[PDB]
Every structure is written in structure tokens, then in C-alpha cells.
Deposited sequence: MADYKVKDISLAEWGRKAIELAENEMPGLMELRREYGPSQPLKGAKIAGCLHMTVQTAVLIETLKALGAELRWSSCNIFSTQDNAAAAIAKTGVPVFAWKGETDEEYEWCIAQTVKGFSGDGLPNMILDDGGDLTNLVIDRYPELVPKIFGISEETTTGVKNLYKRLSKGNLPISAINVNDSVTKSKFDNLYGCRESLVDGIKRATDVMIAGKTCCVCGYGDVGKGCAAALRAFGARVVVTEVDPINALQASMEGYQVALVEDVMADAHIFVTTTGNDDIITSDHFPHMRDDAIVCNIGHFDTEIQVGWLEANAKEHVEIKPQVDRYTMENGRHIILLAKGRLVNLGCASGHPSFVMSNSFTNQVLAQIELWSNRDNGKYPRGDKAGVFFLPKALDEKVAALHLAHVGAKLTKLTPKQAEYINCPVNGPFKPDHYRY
């Protein structure tokens, strides 16, 4: 009752998972604190989130708290096969491998919304990006009354929730967990992706980072840390001013398309790098995306219009254009940190995932309350604000950070 690339990678995955646990004290602490009470006993969680070593620790936290889970990846190139095998070996139903086709992707999510114990139906959703949420609401309406809550990981997913809400298409309440982890995360995993794919030198290069939210900020800091000159693009005046204040030129993509060695899309929006840009790119320009959906880059156009295509090695594709110059595309435009490397490290993921677990507890344990209503009163909510202090404190010992104590006088 699983489908993965190679069950024999399980032993390697288990060792890697053991290393991540030691980097994920938030998750390990929730097991110690909540294990005895089993606050997720009864929960049947359909999960759609990149099947990584980090996610494996999230799954075993939810399981240790009593949940039953069925799992798939939310991207065709993000699964870490050793992690998926490590989880599959333990008997958790998981349907994930690195390098899925579109139809295999859709097949995998569908395996997670049936096959549980009892009537075989999920009662909880854990998503990021919003593919499992959209699949259930739009293609399993009979499931909709069965689901007590959604927890959502990422900006793109959160925007999908409000999109649905505004026009009466959200029948299940959600907890927004996405709302600087993604700044610090991309600060280390963007260049990891790029280097594993190309080994290219960052120092001395001109780079074009499109967008300057938390993800752009982190990407821009990462490249600049290594001696790249970063040019930023933005549609928002607030973020553009912040980029200038941080020492970056803010320009149009067209202003730099002929000089940039590297292009990185962070917008969460479509058609950022287009047919109007590719013909003008310098020889062997590197093109990649770190936004949730690959459509930030017109990959379709690029493949259809190149005179020649060579695969350097998986997720590194080199295209020869009519003009004779080359373009290097990473992970076919899919999120480059997970596509070409390992995504965000454990320590930062511990923050986000500790909230994921808390969001699942909060929705499950209030399923009959009208606190998170189903149907027409359904909304999008935040975790109670005291939990942000809870999560943060759980990570201080690991870094040796020692907190000062207010005196009675100071508190008041």
C-alpha cells in the first residue's frame, strides 16, 4: 500500500531522518509533550507536501500523536526517494517519487483520499500550494462534509484559499500556517540548488531576481553573499523601496536580460520570464524558478522554440536557440531548491512544521465547536498568537540562545 522509486533506499533514508530529528527540536518536543494524550487519535490526514527527509519527520510526529496518514508530494521533482522509502518501510501509505509525470502526479494525490481504516475516507487535509484542496472540493464533493479542516503551508496556497473564499467556493475552514522562515530558508537553499545543478561560480555574476517578498529577499541575500551583483524586479512600491534600501538596483527584466548570468523567479505569479526575454539572453544564461508553480517561466515556449535540446543530467537542460547561444534551464522551471537540491534545511523547516502539527491539533480538537465552521461560514484563520512564542522558544536551546527574564517591575 505505497508507491515509491526504490524500497531498498529505506535504510539510507532512516539514517538521514535520524540526523534531521536532531535538527528539529520543535517537532521532537511536540512528540514528548503530546505523545501521552494522543490528541490526533481519530484524525485521518490526507497530506500533500514535498516528500522530503524533513517531511518524513513531520509525518512521524503526526503519527506519534495518533493520526493515521496517507501521503503524496506536491511537486513532481521534489520527493527525496530515500525519505519516501524510509516512510513506506514503516507502513505509512505514501505515493511519491522524484521525476513523476503529470498523470502520475494526479494519480498519487488520488491515492490519499481513499484507503484509510473504517469507511476509508480522510477527515483532515494537510496541503501546500492547494492541489489536494482543489482536488477534494472540485472532484470529491461527497468528501467535503467529511473534512473538519485544512492546514496550508505556503503563500501560493494561501492566495488560493482567499481566491475561493471571496467567491463562495471554500466549504472547509483553513488555518494559514504560512503567515521570516522562507527568507532564511531560500538564503541557503537557492544557491545549493544552482550549484548542485551547475557548479557555476556565483562571484562576479549579474543576477536577476524577480520579486522581493520573503523569498526574493532570501534569494537576493544568498547571491549577494557570494559576490553576485543582484538586480531586483518588483511590481510593488513597498518591496521596491525595501530592495533599494538594501542596496539593490530595481529595474525591469528587459533592462538586464542581455547581461544577466542568472535569472531567478520568486513571484508566485505567471509569465515573468517569457518569449520576449529568451532571444536576448547571454550565452549559457541560467534560468530557474523558486516560486510554487513553474509557469513563472515560459518553459513550453522555450522547448517549442529551441533549435536544439541536450540533457546535461537530470533537471539540467541546455537549449540551443536560433541565434546560436545557449540557455540552461533548471528542474524544467520547477522549484529549484527542491528540484535540484534538498530544499530548506531541517532547522528552519522545524519551525514551519511545528505550526503544521499545531494547526492540525487546533482544527481536529475543535471539529464539533463551530469554531472552524463548515459550509458558508467557513473562513481562513491564524493559530492563536501565543503559539508563535511557544514554537520559537522550542528552538532556542539548539542555537545556545539564552533569554533574559523580565523583573516583576519590568513586566508591569
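- Stretches of the deposited sequence lacking C-alpha coordinates, numbered from 1: 1 to 2, 182 to 187, 421 to 437.
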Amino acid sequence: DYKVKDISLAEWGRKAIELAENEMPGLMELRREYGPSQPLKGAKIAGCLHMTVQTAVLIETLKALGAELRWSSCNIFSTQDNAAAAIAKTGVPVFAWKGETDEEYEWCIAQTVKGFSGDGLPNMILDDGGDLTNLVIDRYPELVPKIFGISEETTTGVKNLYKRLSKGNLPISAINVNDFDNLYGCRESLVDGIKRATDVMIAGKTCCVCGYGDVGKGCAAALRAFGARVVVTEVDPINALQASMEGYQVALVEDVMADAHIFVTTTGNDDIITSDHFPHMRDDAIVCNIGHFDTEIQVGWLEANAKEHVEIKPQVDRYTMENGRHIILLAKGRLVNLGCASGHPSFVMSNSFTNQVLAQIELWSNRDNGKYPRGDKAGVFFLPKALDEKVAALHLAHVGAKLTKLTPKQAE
From here on, numbers count along this sequence of modelled residues.
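- With 191 to 199 and 145 to 153 compared on mean CA B-factor from the PDB entry, the stretch scoring higher is 145 to 153.
- Between 47 to 55 and 380 to 388, it is 380 to 388 that carries the larger average Cα temperature factor according to the deposited entry.
- Set against one another, the Cα B-factors of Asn160, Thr266, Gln298, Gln242 in the record reach their highest point at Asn160.
- Residue set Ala96, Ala83, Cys207, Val136: peak C-alpha B-factor at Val136 (per PDB entry).
- The deposited CA B-factor of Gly129 belongs to the highest third of values across its chain.
- Among all modelled residues in its chain, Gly120 ranks in the highest third by Cα B-factor.
- Ranked by C-alpha B-factor against the other modelled residues of its chain, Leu302 falls in the middle third.
- The deposited CA B-factor of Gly343 belongs to the lowest third of values across its chain.
- When the modelled residues of the chain are ordered by their C-alpha B factor, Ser350 lands in the lowest third.
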